[PDB]
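The basis for the numbers below is simple: all heavy atoms, side chains too, and nothing from hydrogens, waters or symmetry mates. Letters A, B, ... mirror the listed sequences (proteins, then strands); counts begin at 1.
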Amino acid sequence: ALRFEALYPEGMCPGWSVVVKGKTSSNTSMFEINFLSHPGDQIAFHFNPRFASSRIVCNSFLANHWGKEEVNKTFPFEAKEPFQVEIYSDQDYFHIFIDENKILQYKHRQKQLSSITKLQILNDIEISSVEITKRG
Amino acid sequence: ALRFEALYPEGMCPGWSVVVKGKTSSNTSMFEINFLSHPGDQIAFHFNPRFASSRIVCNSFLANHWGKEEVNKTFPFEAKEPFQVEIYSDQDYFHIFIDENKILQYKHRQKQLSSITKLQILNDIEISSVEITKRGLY
């Protein structure tokens, strides 16, 4: 289910940091953080920690379909343990830092960065804080 | 991927030691050592050092689900450096050591100890030795 959504019509990319703090209830579930663009509610960036396999899956949902998955084996998450995910975008990538260490970068596929106006957080995450801050 | 598996059909629990020597390839991946019960290769005991968070998770898959995870208080391992892990079983626990220093004990949840016939080692460990030894004078 949808746990949190934010809308910033002036565009939250590039140059904004998103910090999500929370914890996941189950050791077999998953959550996701999506950045969506208008028009068409396309998913520019989908970030999906999967606890059953201890993998992070990233992708984009453009032209009504997913593209190639980018799978990361660095998995700094444990069920029921608080975590902090920071996502920052520059001209070329989304950058992910978890518990203050750099984890991965994801090259933009949606180039219309300024049309990325929506943040969505779904599924198994009990959110304690969301911060959205201009840094660029 | 599977790095090593051993099968001792008469049952390697309780009263056996397993010594695993090796090192990780990555600073931020993980490996696991599982003890599997027969029939079905069922996960009686799962030991999972996780280098991204520096946490050890232990659990068992019983009655169709993972049980309560035990997250160890300490994480003595260093990535990309040789280690020696020793695991021994008695009637009550798996006892785990690094360098012969105790890390943790895990109380048996699967009570059919004699059905634990397989040792399986998965994911980010470059193995240099596995020794499986019956403890005399049990």
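Ranked by heavy-atom pairs under 4.5 Å with chain B, the list A/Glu81, A/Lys73, A/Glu78 is led by A/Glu78. Ranked by non-hydrogen atom pairs under 4.5 Å with chain A, the options B/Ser29, B/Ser26, B/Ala52 are led by B/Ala52.
A/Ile43 and A/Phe31 fall into different hydrophobic clusters, where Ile, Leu, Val, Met, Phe, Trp and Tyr side chains are chained together by heavy-atom contacts under 4.5 Å. Taken together through direct or relayed side-chain contacts under 4.5 Å among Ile, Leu, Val, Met, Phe, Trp and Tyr, B/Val130 and B/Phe35 form part of one hydrophobic cluster. B/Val85 and B/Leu36 fall into different hydrophobic clusters, where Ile, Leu, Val, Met, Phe, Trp and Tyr residues are linked whenever their side-chain heavy atoms come under 4.5 Å apart, directly or through other members. The hydrophobic clustering, which links ILVMFWY residues whose side-chain heavy atoms are closer than 4.5 Å, places A/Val19 and A/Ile87 apart. B/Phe45 and B/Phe4 fall within the same hydrophobic cluster, defined by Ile, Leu, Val, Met, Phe, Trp and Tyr side-chain heavy atoms under 4.5 Å apart, directly or through other members.
At most 12 heavy atoms of other shown residues, nucleotides or ligands fall within 6.0 angstrom of atom NZ in A/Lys134.
In this structure, CG in B/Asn123 is found 9.0 Å from OG in A/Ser54, a value given to the nearest 0.5 Å. Between the CG atom of A/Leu104 and the OG1 atom of B/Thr28 there is a distance of 10.5 Å, given to the nearest 0.5 Å.
For chain B, the nearby parts of A/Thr74 are the backbone and the side chain; heavy atoms of each come within less than 4.5 Å. Looking at B/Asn27, neither its backbone nor its side chain comes within 4.5 Å of chain A, counting heavy atoms on both sides.
Between the side chain of B/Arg50 and the main chain of A/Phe77, a donor-acceptor pair closer than 3.5 Å is present.
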